[PDB]
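Following: one structure in structure tokens, then a few remarks.
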């Protein structure tokens, strides 16, 4: 029920768009809210989990829009563009990317996406 995860994320209202890619970033397993990434944009994000150097320099591009990297480790990468942002989290088999609008506080968006990541990870995904 990959679709249930993304739908339930946007259902919370803390995230307005979300996509679950395979870890390799080569397959869309679920999408909600029409978030669309170009093949190279998803390639940059996937790599960034291992080496955020590039993302620190050029920024995160989501649908052509540029997001500044804020935080980045082996599992999470957070970005911002004015009052809106993007949360990218890598699990064992997927890469989740979610967008939150200006009407939402980064802390709430982040927490809800991270909680899905906790769930999938504890279940081998």
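Neighbour counts run over all protein chains shown; Cβ positions are idealised from the backbone, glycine included. Rule-based calculations on the coordinates, nothing more; no lab input.
Conditions tested, residue by residue: (1) touching a helix residue (DSSP H, G or I) at 6+ places or on another chain (Cβ under 6 Å); (2) surrounded by fewer than 19 Cβ atoms within 10 Å (Cβ to Cβ); (3) closer than 25 Å to residue 122 by Cβ.
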{"position": "14", "(1), (2), (3)": "yes, no, yes"}
{"position": "24", "(1), (2), (3)": "no, yes, yes"}
{"position": "50", "(1), (2), (3)": "no, yes, yes"}
{"position": "62", "(1), (2), (3)": "no, no, no"}
{"position": "71", "(1), (2), (3)": "no, yes, yes"}
{"position": "77", "(1), (2), (3)": "yes, no, yes"}
{"position": "81", "(1), (2), (3)": "no, yes, no"}
{"position": "90", "(1), (2), (3)": "no, no, yes"}
{"position": "105", "(1), (2), (3)": "no, yes, no"}
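Find the residue count for the stretch 94-125, including only residues that are out of contact with any strand residue (DSSP E or B) (no Cβ under 7 Å at 6 or more places or on another chain) and either outside any helix (DSSP H, G or I) or within 22 Å of residue 67 (Cα to Cα) (or both).
Looking only at that region, the number is 9.
Within the stretch 88-110, work out how many residues are under 19 Å from residue 31 (Cα atoms) and either in contact (Cβ under 8 Å) with a residue 60 or more places away in the chain or more than 13 Å from the chain's Cα centre (by Cα) (or both). Spell out the reasoning first.
Of the stretch 88-110, the ones under 19 Å from residue 31 (Cα atoms) are 88-101, 109-110.
Those still in the list that are either in contact (Cβ under 8 Å) with a residue 60 or more places away in the chain or more than 13 Å from the chain's Cα centre (by Cα) (or both) too: 90-101, 109.
So the count comes out to 13.
When residues of the stretch 60-83 are filtered for being within 13 Å of residue 40 (Cα to Cα) and either over 14 Å from the mean Cα position of the chain (by Cα) or part of a strand (DSSP E or B) (or both), how many remain?
4
May I ask you to list the residues in the stretch 22-36 that are under 21 Å from residue 92 (Cα atoms) and part of a loop (DSSP other than H, G, I, E, B)?
Hits for the stretch 22-36 are 23, 24, 25, 26, 27.
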